[PDB]
Protein chains: 4
Amino acid sequence: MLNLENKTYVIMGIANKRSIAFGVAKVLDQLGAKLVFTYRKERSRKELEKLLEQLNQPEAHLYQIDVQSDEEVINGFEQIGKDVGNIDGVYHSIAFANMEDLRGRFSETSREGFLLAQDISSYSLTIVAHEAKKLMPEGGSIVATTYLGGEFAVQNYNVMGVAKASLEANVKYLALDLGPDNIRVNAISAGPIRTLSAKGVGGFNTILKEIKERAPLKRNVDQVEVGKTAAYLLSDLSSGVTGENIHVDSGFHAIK
Amino acid sequence: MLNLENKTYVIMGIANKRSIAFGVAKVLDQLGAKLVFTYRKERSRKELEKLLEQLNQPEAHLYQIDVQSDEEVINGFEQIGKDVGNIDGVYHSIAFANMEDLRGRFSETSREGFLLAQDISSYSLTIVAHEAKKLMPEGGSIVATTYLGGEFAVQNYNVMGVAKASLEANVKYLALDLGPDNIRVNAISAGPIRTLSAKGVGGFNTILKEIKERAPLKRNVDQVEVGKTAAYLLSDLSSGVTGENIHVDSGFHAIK
Amino acid sequence: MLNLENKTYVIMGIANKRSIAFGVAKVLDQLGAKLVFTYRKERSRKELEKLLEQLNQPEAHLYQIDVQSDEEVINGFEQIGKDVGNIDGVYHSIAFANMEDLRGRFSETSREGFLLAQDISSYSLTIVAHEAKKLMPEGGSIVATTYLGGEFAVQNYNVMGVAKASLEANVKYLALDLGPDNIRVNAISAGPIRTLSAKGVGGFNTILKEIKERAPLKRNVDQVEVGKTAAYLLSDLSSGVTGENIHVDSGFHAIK
Amino acid sequence: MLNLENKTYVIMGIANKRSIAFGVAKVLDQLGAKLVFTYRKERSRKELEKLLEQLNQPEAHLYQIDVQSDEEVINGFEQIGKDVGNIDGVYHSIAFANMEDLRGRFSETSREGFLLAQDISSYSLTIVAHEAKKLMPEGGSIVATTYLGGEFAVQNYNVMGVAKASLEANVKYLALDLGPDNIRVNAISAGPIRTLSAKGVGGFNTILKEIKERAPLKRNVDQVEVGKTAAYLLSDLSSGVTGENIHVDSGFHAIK
Ligand SMILES: NC(=O)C1=CN([C@@H]2O[C@H](COP(=O)(O)OP(=O)(O)OC[C@H]3O[C@@H](n4cnc5c(N)ncnc54)[C@H](O)[C@@H]3OP(=O)(O)O)[C@@H](O)[C@H]2O)C=CC1
Ligand SMILES: NC(=O)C1=CN([C@@H]2O[C@H](COP(=O)(O)OP(=O)(O)OC[C@H]3O[C@@H](n4cnc5c(N)ncnc54)[C@H](O)[C@@H]3OP(=O)(O)O)[C@@H](O)[C@H]2O)C=CC1
Ligand SMILES: NC(=O)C1=CN([C@@H]2O[C@H](COP(=O)(O)OP(=O)(O)OC[C@H]3O[C@@H](n4cnc5c(N)ncnc54)[C@H](O)[C@@H]3OP(=O)(O)O)[C@@H](O)[C@H]2O)C=CC1
Ligand SMILES: NC(=O)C1=CN([C@@H]2O[C@H](COP(=O)(O)OP(=O)(O)OC[C@H]3O[C@@H](n4cnc5c(N)ncnc54)[C@H](O)[C@@H]3OP(=O)(O)O)[C@@H](O)[C@H]2O)C=CC1
Ligand SMILES: Cc1c(CN(C)C(=O)CCc2cnc3c(c2)CCC(=O)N3)oc2ccccc12
Ligand SMILES: Cc1c(CN(C)C(=O)CCc2cnc3c(c2)CCC(=O)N3)oc2ccccc12
Ligand SMILES: Cc1c(CN(C)C(=O)CCc2cnc3c(c2)CCC(=O)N3)oc2ccccc12
Ligand SMILES: Cc1c(CN(C)C(=O)CCc2cnc3c(c2)CCC(=O)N3)oc2ccccc12
C-alpha cells in the first residue's frame, strides 16, 4: 500500500515552491512516483524545471498547456501519452479570476470576468478529465483543489466562490460519468495557505489568524498536509471513495 | 401580512401556462401584487400577453430582455423603473443548456456548451440583481429557481447540474453583498415538474415516478406549490431569511 | 391564503414574553388562529395565563405536560382533543441540558447529562408527533426549533449541539414516516436571541455581536421573525415542503 | 509514511470475520501496527481470539468492555495503558438499536429504545474518547463508523438514523474539544456491507442492488476498502483533517 514506485501522475498548476501542487509533488515523489508537470506559458518553464530538480526525478517531464485552449489540452495529453505512456492520475490545482473581481462588490461582476473564472477554474477540469481518461484505460484517480468559499459566501472571494462551487459540482458529475471506467474524481478543500494566489489579497493575515484562533487544531495547514491527503486520494487507499470533497483545514469546515 | 396589494414584482422566465414562474405569477396575483413580465424574443410577446390576461391585471407590463445581453438587461430594468417605478422584488426562472449536453457523457461537454449554461443559468442572476437593485432603494427580495441536480449528480442533468451549483453559490454571494442594502436573495429548489423544460428529456416520467414512490409526501409538487413558497420568500414573512435554498419537492431532498 | 381563522395550533415551550415560541404565538394569533399552550410545571401556569391574556384569545387553553413523562404527553394531547377537537399543527420549542454541560469540555460530558439532553430536546418531538397525529386525521404541520450548533461545532454549545443534530435528523425521519398521513415536519434554525435560554451563557453578547458584524443582513433576528417563518411552515403556503430546516438568522448559515 | 510498525491502535466492535472493524484490523495489521481489541461479553472472547490469530499478532491483547458501563470503559482503558502503554488511536465500530425499532414506523419509537440507541451508538464515543485521551498524551486519532442514514432519512433505519446523526455531531464536538490536545476525531460513512448488523434487516439485498445500479463506481464496497480509509485517518497522512466524515461508498453520497 502507498508504494507509488510504478505509478505516474500529471500535476497541473505548480507556480513556485509555495504552490499547493508542489506540496503534492513532494509527497508523491517521496512515495516513489514518476511525475509529469504542466505550465501555462513558456516564460515559466525554466524556473519550473529548476524548482523540480529539487525532487531529483531521473527525467524532467514538462509540458506547456494553457487550459483555455482545447488544442493545447488535447495535444498536451496526447504528447504525454506518447512520451511516458499511460498514467495513474492527475492533480489539478488551477484557478484564476481577474484581481478586480476579488475585491469588488460581487454584484458588480462583469460577464467576461464571471465566465473567465468559470472557464479556467471549472471547465478546465472537465476537458482535462476527458483527455486524461485516454491515458487511463485501466482506470485512475483525478483530484482537484477547492476552498470553503465554494460552499459558503466568504468576504471578497466573490467570483472565485462561484467558480469553486461550479468546480465542486464538476467533480461530482465527472465522478458519476467516469466511475464505470474505474476513474475516481475527488476534491481537496484546502484551508488558506500563503502562496502566490494570496498575493494582493487584502486581509490575508487576518484569514490565517482566524483559523489559528478558531479551527479545532488551532493552527493553519500547509502544502505538504494537502499533499499527504492527495496521495491517499490518488492511490488505491481511497479505492471506494469518489465525488468526495475532503477538508484539509485543521477542522475549520466543522465549526461555526 | 401577505397582503401584496401595494407591491410590484418582476417575473422572468414565463414561457407558457405550465411554467413554474406562471405558478409564481398566479399566487402573487391572487395576493394582490402588480406584476411585470420579461421574455426573451419578440416572437413570444403575443402568446405571453394572452396567457397573462388570465390574471386580469389592470395593466399589461411586458419587456423584451435577453439576459445574454448586458444592454438589454440594463435598458430593460431602466425602462421598468420609468414605467412602473420602484419594485419590491424579482422572481428569476431562467435556465438553458444545449440539448446535446443534457444526454451526453458529461465529460464530453464542449467549452462553449459549458459557458453557455453558466451565462444564461447563473450569470444572468448577477446582472439582473445589480440592475434590479437600482429599483429597490428601500430594499426588496430576489428569488431564483434551482433543482436538486445542483447539489448532487443526477443522471443526464450534466452541464445544468454544474450551472445550478453555480447559481446556488451566486445566490449566497449576492445575499452577502446585498444584505446591507436590505435586499434578500434566496433560491427555491423545485422538484421535477412537467413543463416546457422537460421536453425532450428522456425518462422524465421515470423521474416523476421515483418522487411519487420515495418522497415523504408520496406525490409530486406543482407550480402553484412553488409559487406559494415564492410568495413567502418575496414578502416580509421571510424577513430574517437570506442566502437560503428552500426545497419544494415533497421532502425528496431529505431522503436517500 | 394565510387566513388562520379556523385553525388551531398547540404551542409548546413558552416560558415568558421573550420566548421564541411567544413570537410564534403572536404571529399565529394575529393571523386569527386559536391557540393551545403547554407548560412543564404547575408553578408556571399563572404567569403563562397572564402573559397569554396579551393575545386576547376568547378562551385560555393551557395544559401541564412534562415531555419527560409518556403518561403526561399521551394524557395531555388526549385532553386537548376532548376540549378543543382536532388541531392543525404543533410548534415545538423545548430544549434542555444541565448548565454544567454548556461550559465544559464536551469530552467530559456525563452519560446522564448526554441522555437528559437527548430525552428533552430530541425524543420529545417523536412522542409529541405520535400523540399529536391522533388529533390530525386529515393532516397537519409540525415545526421544531433548532440552532446552527446542530450543524457545526459551536464553542460551549456542547451536549446541546449533539441534541440539536439528533432533533434535526428526528425531523427528517418523522417527515418520512408521517408524510403519507399528510403531516409535514420541519425545523426552524433560529439565530441567537436573548431569551431565558441565554441566561448564564457566557459570551452571549459576543455571539450577538458576531452576527451583527458578519451575517448578510448585518443585524440579529427576533422572535417575531421566527414566528413569521413558523406561520409559513404551519400553514398551507408550505404545502410541498417537509423535512426541511429553514434558517431565520440574517443569512449567517450561508457565510464563513 | 504509512509504516505503522511502532504504533498501537485499539479497535472496538469486531464481532466476526465480516465486521467492518475486522477489515480495519487487517489493513492496520498489514501496515505493521500492534492491535488491541475490545468486546462486549465474555461469551465472545474465544471466537474473537481465534478470529484474531489470523493476523498472527505476536501478542493477543483483548479486553471486555461494555460501553454501557462507565466503570468498564474507564477500567478497560486504564488496564490497556498498564499492559501496552500509550496508544496512537481508536477505531470505534459500535452501534445498537432494538430490532423492533428498525422496522417500525419511526413515530412509534419508545423512549427507552430511542435512548438505548443514543447511549450505545453515540454517547459511547464520548466516554471512549475521554478515557482514550489519557493514553494519548502526545496526540492521536479517533475514528468512528457511520452510515448515510445519519444524513438523510433512509427507510427502516429509523432510530439508528437519529443515533448516527448524533454520532456525526459527536465527532465534530469532540474534534473541537480535543484538537488542542492534537487528537483528531473523524468518521467514515461506509456504504452498506453484508455483516452481522445486516441480519434480520429486510430488503438488504435491495439496498445492495441500488448501490450497484446507481452509485458512480457501479459496485458495492467492502470492509477492506473501509479499512484502507481508516488507515489514512488513523495515520499522519491525515494530519490536517479533523471533524470530517469521509464517504467510502462507491460515490453513492454524491448522487440523487
Ligand atoms: N492559496 C490558498 O489559500 C488556497 C488555494 N486553493 C486553490 O488551490 C489551487 C492552487 O493554488 P495555489 O495557491 O497553489 O496557486 P499558485 O501557486 O498561484 O499556482 C497557480 C497555477 O495555476 C496556473 N494557471 C492559472 N490560469 C491558468 C490557465 N489558463 N492555464 C493553465 N494554467 C493556469 C498558474 O499559471 C499556476 O501554475 P503554472 O505556473 O503551472 O501555470 C487553486 O485551484 C486555488 O483556488 C485552495 C485553498 C486555499
Ligand atoms: N421543470 C422542472 O422540472 C424544474 C425546473 N427548474 C428550473 O425552473 C426554472 C424555469 O423552468 P420551467 O420548467 O418553468 O421553464 P420554461 O417553462 O421552459 O421557461 C423557460 C424560460 O426561460 C427563458 N430563457 C431561456 N434562456 C433565456 C435567455 N438567454 N434570456 C432570457 N430568457 C431565457 C425562456 O425563454 C423561458 O421564458 P420566456 O418565454 O419568458 O423567455 C429554470 O431555472 C429551471 O432550471 C427547477 C426544478 C424543476
Ligand atoms: N435562545 C436562542 O438563542 C435560540 C434558541 N433556540 C431553541 O429554541 C427553543 C426555545 O428556546 P427559548 O430560547 O425560547 O427558550 P425559553 O424561552 O427558555 O423556553 C424554554 C421552554 O422549554 C420548556 N421545557 C424545558 N424542559 C422541558 C420538559 N422536560 N418538559 C416540558 N417543557 C420543557 C421550558 O419549561 C420552557 O417552556 P414552558 O415554560 O412552556 O415549560 C429551544 O428548542 C432552543 O434550543 C434556537 C435558536 C436560538
Ligand atoms: N453493516 C453495514 O451495512 C454498515 C454498518 N455501519 C456501522 O458500522 C459499525 C459496525 O458495523 P458491523 O456491521 O461491522 O457490526 P458487527 O459486525 O455486528 O459488530 C458489532 C459490534 O458492536 C458491538 N456492540 C454492540 N453494542 C455494544 C455495547 N453496548 N458495548 C460494547 N460493544 C457493543 C457488538 O457486540 C459487536 O462487537 P463485539 O463483538 O466486539 O462486542 C456500526 O457502527 C454500524 O452502525 C456503517 C455503514 C454500513
Ligand atoms: C483565501 C483566499 C484566496 C486563496 N484562494 C483560496 C484562491 O483560490 C485564490 C484564487 C485566485 C484566483 N485568481 C487570482 C488570485 C487568486 C490572486 C491573483 C490574481 O490576479 N488572480 O484568494 C482569496 C481572494 C479573496 C478572499 C479570500 C481569498
Ligand atoms: C429534472 C430535469 C429537467 C428539468 N429541469 C430541472 C431543468 O432545469 C431543465 C433545464 C433545461 C435547460 N435547457 C434545456 C432544457 C432544459 C430542455 C430543452 C433545451 O433545449 N434546453 O431537465 C433535465 C435534464 C436531464 C435530466 C433531468 C432533468
Ligand atoms: C446560542 C446559545 C444558546 C441558546 N440556544 C440556541 C439554546 O438552544 C439554549 C438551550 C439551553 C438548554 N438548556 C439550558 C440552557 C440553554 C441555559 C439554562 C439551563 O440551565 N439549561 O445556548 C448556548 C449555550 C452555549 C453556547 C451558545 C449558546
Ligand atoms: C443499511 C442498514 C443497516 C446496517 N447499518 C448501516 C447499521 O448501522 C446497522 C445497525 C444495527 C443496530 N442494531 C441492530 C442491528 C443493526 C440489527 C440487529 C439488532 O438486533 N440490532 O441496518 C439497517 C436497518 C434498517 C435499514 C437499513 C439498514
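Counting starts at 1 for both ligands and their atoms, in listed order. Sequence lines set the chain letters: A, B, ... in the order given, protein chains first and strands last, and positions in each chain run from 1.
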Legend entry - Residue, atom name and distance, where the atom is the protein heavy atom closest to atom 18 (C) of ligand 6: B:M99 SD, 3.9 Å
Legend entry - Whether A:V154 lies under 4.0 Å from ligand 5, heavy atom: no
Legend entry - A:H253 and A:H247 aromatic ring geometry - parallel, tilted or perpendicular at 30°/60° bounds: parallel
Legend entry - Candidate with minimal heavy-atom separation from atom 24 (C) of ligand 5, of A:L167, A:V201, A:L208, A:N98: A:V201
Inset, instruction - Compute both the distance and the angle, then confirm whether A:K256 meets the cation-pi test with C:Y157: under 6.0 Å from the six-membered ring centre, within 45 degrees of the axis. - result: no
Inset, instruction - Please report which non-hydrogen protein atom sits nearest to atom 11 (C) of ligand 7, along with the residue it belongs to and the distance in Å to one decimal place. - result: C:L102 CD1, 4.1 Å
Inset, instruction - Under 4.0 Å, heavy atoms only, figure out whether ligand 6 is touched by the backbone of B:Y157, its side chain, both or neither. - result: both
Legend entry - For atom 16 (C) of ligand 7, closest protein heavy-atom neighbour: C:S197 O, 3.3 Å
Legend entry - Nearest non-hydrogen protein atom, atom 27 (C) of ligand 7: C:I207 CD1, 3.9 Å
Legend entry - Identity and separation of the nearest protein heavy atom to atom 2 (C) of ligand 7: C:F204 CE1, 4.0 Å
Inset, instruction - Using distance alone, determine whether B:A97 and ligand 6 share an N or O pair under 3.5 Å. - result: yes
Inset, instruction - With heavy atoms only and a cut-off of under 4.0 Å, state how B:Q155 meets ligand 6: side chain, backbone, both or neither. - result: backbone
Legend entry - For A:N156, atoms of ligand 5 separated by under 4.0 Å from a heavy atom: 25 (C), 26 (C)
Inset, instruction - List the closest protein heavy-atom neighbour of atom 20 (O) of ligand 5: residue, atom name, distance to the nearest 0.1 Å. - result: A:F96 CE1, 3.8 Å
Legend entry - Least distance between heavy atoms, A:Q118 atom then B:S166 atom: NE2-OG, 3.7 Å
